[PDB]
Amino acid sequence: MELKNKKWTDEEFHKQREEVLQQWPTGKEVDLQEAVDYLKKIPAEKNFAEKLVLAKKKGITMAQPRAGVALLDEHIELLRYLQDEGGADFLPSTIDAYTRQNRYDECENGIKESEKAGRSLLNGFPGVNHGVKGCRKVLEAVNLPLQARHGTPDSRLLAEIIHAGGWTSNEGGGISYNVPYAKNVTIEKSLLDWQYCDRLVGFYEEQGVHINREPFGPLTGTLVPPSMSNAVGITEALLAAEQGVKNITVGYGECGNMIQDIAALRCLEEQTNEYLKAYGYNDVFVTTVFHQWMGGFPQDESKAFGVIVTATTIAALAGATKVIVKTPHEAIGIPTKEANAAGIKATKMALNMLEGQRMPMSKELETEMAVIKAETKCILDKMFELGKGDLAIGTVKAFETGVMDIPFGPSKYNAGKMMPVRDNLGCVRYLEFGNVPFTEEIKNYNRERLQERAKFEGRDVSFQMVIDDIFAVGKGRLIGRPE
């Protein structure tokens, strides 16, 4: 198929579906007619899109963990625990990494080994192997909306199965579930395969079934400048809306400076709505998700709560619709159900301690929002230029030319030239610009902010600072100050 930012026809989509469903035998369980009936029977309390609308109307931040294990009954017991003991507002099902690489043979072996071992040898739930039947059992056992959370360049079959399984949100996008998650997948191919996932949600919306889509804001979770993160999220929202998606949660990963983070989330929401309307998508309900610190965690569990709850305070004052919960086991391994419930309880306590409170406007916030919007506009403007008006083609060429460039992305289609580092107040800035298409004024501001850190620390800004910042939070502080 050729890549163009244009809604697939019903016939082109159907032709692709018939290929995709053959990729594993559980594809035979997907019956779109029957699945629409099943989805329309789900109570509104268990529909992810409808509950996001409710959260937005009530002005509350909802808490959602990450969670998943190899075996069905154990996975259900885990989610029920996070629901009942944790008090989660939304439920995930985090997909294992073999599924994310379309290696369902390795999922199957991992299922068998997990049964033998009495513990999960997979790092998530193999939703394609468990099929529509398994995914429906998960939904029927819980009392909250369900969302697939993962990191899959080719998620077409996964999406068919989890939506027919009654999961009313799918996370990801053609950039954010490629570059942090793959080494050899072209941007063109992941954009095409995520057009399928978006077009599937578009089909359901055309039948009156409401399903949420969430681009993965945090990307590599490693010092991603807000303007680059937001450029990706706005792009994935626009590409999803063209395929018919109507309920979109754009995301952002905490950088740690409260004003920068709040500026980032507000700019993301404002510019997402602005761009959607500018390109004619006038019926898209946009919400936001704030991810608690996605970099290295401290191993000490009390320090971990320090990160979890400061992150939650930023989300609450930002007015985020959703916050993704980290646990005290983050530095070590997949959390126990107890460690996960501990993270959810601390997060929701912090949210309830801040009910209705919002960061008021300040000159400092207004200035940072202007910086972020101007940097983001530079990137998107250039993408539209490179694509001759087609944002999908423009995204491919932006990655080819380093205009869009994600720190530390394993993808060989990522330029790896732009380099981020924190300024003296901990705001993530651009240390090396690579080919990111900023004006001299925008580059000068980054440099002036970073010079303040050089002056305070008595060393030149450098890649050594970047390394220091990569390790800082795990070592107990936001900014990688000299030892």
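Each residue number is its position in the shown sequence, starting from 1.
- Higher average CA B factor: 109-117, of the stretches 189-197 and 109-117.
- Comparing 279-287 with 371-379, the higher mean C-alpha B-factor in the PDB entry belongs to 279-287.
- Highest C-alpha temperature factor among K337, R213, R100, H329, as the PDB entry reports it: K337.
- Of the residues listed, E236, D261, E385, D89, the entry assigns the biggest Cα temperature factor to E385.
- For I406, the recorded CA temperature factor ranks within the middle third of the chain's modelled residues.
- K363: CA B factor in the highest third of modelled residues in this chain (values from the PDB entry).
- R481 sits in the middle third of its chain by CA B factor, as recorded in the PDB entry.
- Placement of the Cα temperature factor of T61 within the chain: middle third of the modelled residues, per the deposited record.
- Among the modelled residues of its chain, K133 has a C-alpha B-factor that falls in the highest third according to the deposited record.
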